[PDB]
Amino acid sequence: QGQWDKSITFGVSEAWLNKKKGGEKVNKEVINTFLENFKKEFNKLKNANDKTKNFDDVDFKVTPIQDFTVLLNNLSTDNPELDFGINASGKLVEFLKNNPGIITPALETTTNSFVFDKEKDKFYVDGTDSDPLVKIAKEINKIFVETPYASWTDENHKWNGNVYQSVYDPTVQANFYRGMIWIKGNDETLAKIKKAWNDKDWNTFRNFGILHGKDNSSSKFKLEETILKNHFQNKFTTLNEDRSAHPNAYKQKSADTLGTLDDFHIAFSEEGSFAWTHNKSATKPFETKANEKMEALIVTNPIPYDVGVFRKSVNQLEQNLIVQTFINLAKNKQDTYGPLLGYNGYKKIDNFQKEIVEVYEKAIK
């Protein structure tokens, strides 16, 4: 059942924690109140329960981590210096295929649903105008193109320094997210790209140039690859093999810079990434040439949101109290940390294989 650890340390992103604005480090002060609230709630539950009241009260700390690879590798060493961290679901599923049972998934995060994507169970069918994934892309275009993103105001779209609130329905928690495919060009170029998609002409489609993320990204690489493979049946085996033979058609860059590269017209991103990108950023996100437009072509199959995982030897009773502490803090609106990352809710994982692995695998087939 594991060892009771009187000191629990959460791993958090170095970039995030060591982050500041106008020279003011404010993230450190956010996680500080988060930790005070977490400690309070945890030991209250701990002490109110006869099964756990005799263990030592627990202190909570955080430690900054380089990247997810360091997080999963560090957790797998089962060292009490690092007990817990929240990781992207697809990366974790891949990690756990190669190193089964090595770490313990326990918590599932949820996020405010987008108003245009409230139903998880929508999947690729044929990529035509009646495809449910194309229909979500048309809904995105209403929000992002018809009322042009560049003209949104903080007030208009209710920016809260974190996200544009008007694009969300907080009454609905989504235990999922998707990737999406963007296209960009003048009218003639956009029609050509759509024609190549409608005609299933892979070579022409690909030669318009694709921006993508890291090869191990779900939402900026693998989920889009799945859609492309299913849509352009039998025209390539993997994106990596296609790129090897067609290097100039691919570039690793953020979708919000698509408008600045004349040679590229297609980009992968998280669904709705504009929702947490201030349009006033000095980097002019999603900006395009005057006679060009950027629009959504299609979104992807859905996969779970981020998963909280423990090193293996943390006492199981302790793990479940920690999971419940996250749930109650969000419910009591005492979680000052989560929403800064997109976590607006938490659920216990009851069956990892059914709730996480299977959902992910269905999405990428």
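One rule holds for the numbers: they count along the sequence shown, beginning at 1.
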Comparing 13 to 21 with 347 to 355, the one whose average Cα B-factor in the PDB entry is higher
13 to 21
Quick one: say whether 267 to 275 or 146 to 154 has the higher mean Cα B-factor in the deposited entry.
146 to 154
From the list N203, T189, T226, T283, select the residue with the highest C-alpha B factor recorded in the entry.
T283
Which one of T257, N73, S244, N207 shows the biggest C-alpha B-factor in the PDB entry?
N73
Position of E318 among the chain's modelled residues by C-alpha B-factor, lowest, middle or highest third:
lowest
Tertile call for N328 (CA temperature factor, within chain, third-based) is the middle
Split the chain's modelled residues into thirds by Cα B-factor; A290 lands in the highest
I181: CA B-factor among chain residues, third -> lowest
Where the record places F38 (Cα B-factor, split into thirds across the chain)
middle
